[PDB]
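Next comes just one chain, in structure tokens: the form deposited in one PDB entry.
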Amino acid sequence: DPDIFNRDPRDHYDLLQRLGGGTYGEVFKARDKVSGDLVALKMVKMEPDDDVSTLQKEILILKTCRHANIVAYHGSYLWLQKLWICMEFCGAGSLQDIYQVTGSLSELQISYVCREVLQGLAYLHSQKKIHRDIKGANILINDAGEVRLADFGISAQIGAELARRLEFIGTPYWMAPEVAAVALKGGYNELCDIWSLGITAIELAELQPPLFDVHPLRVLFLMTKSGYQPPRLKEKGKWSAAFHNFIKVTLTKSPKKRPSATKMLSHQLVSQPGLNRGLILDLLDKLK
């Protein structure tokens, strides 16, 4: 990035605690020295012969995002062979951090979370960006009960992988048009995030995504078959007909039929009148 600060981040922040890692890098809870504001600092170790493409793409996604439901970006620092990405800190951590203590979320809490995720996805999709890693661990909650999407690590890697494809595709004159399309634009589109939101809604209701206890490779193979059936909520009576229908239309097996994020925002479950941060403040009270 051409706007990177060439100075030690510790000159502006104090490192408080290690939070663990995302798709790549180490994340730290830190404190701004002038305002006391907390921030998250993501550190990625640099090496002289490292391909900078993925990190360059992640910073570009964060920098060009300007939406409430996506983690704010405060700049990046490069110092002593370490890159530090400065992002918004969310006091309650991720929804996975929360439901591991509280148990299942209520339908209204899930509905508010889904509307907030959809506002962030509609924005990302309008800027020709894809998250590709929607899940409870990447949906953060701040102390005010507001929802923010985090970790554009997978998105950055895919973007870099795609740029690499274009650079080594070779002579194209004998290449079929579908081979060219997958090299330039990949084998899928942004509607994959709508499916992941549907799986995330089930995860918030049952504490695990569908088939979580079966081997990872077996799930990938079963999903690729023509007889694959989209998952459903286990307890039928516990959830309203509008929630079951939200799962059925987000989890549409075919991407050509799957509704967009903007279309999903007018769905009854998330366009309901009593949806606000107060529902998540109630969940956070259960945590304390």
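Residues that one form lacks are left out of the comparison. What we label the rigid core is the largest C-alpha set whose atoms superpose within 1.5 Å from one form to the other. We number the residues from 1 along the sequence you see.
The form deposited in another entry is left out here; the points below concern that form.
Annotation: Cα of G278 displaced by less than 2 Å between the shown form and the other one, core superposition. Compared with the form shown here, the Cα atoms of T23 and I98 sit 3 Å or more closer together in the other form. Cα of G20 to Cα of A144: at least 3 Å shorter in the other form than in the shown structure.
Taking a Cα shift of 2 Å or more after superposition on the rigid core as the cut-off, the single stretch of three or more consecutive residues that moves between the shown form and the other one is 17 to 26.
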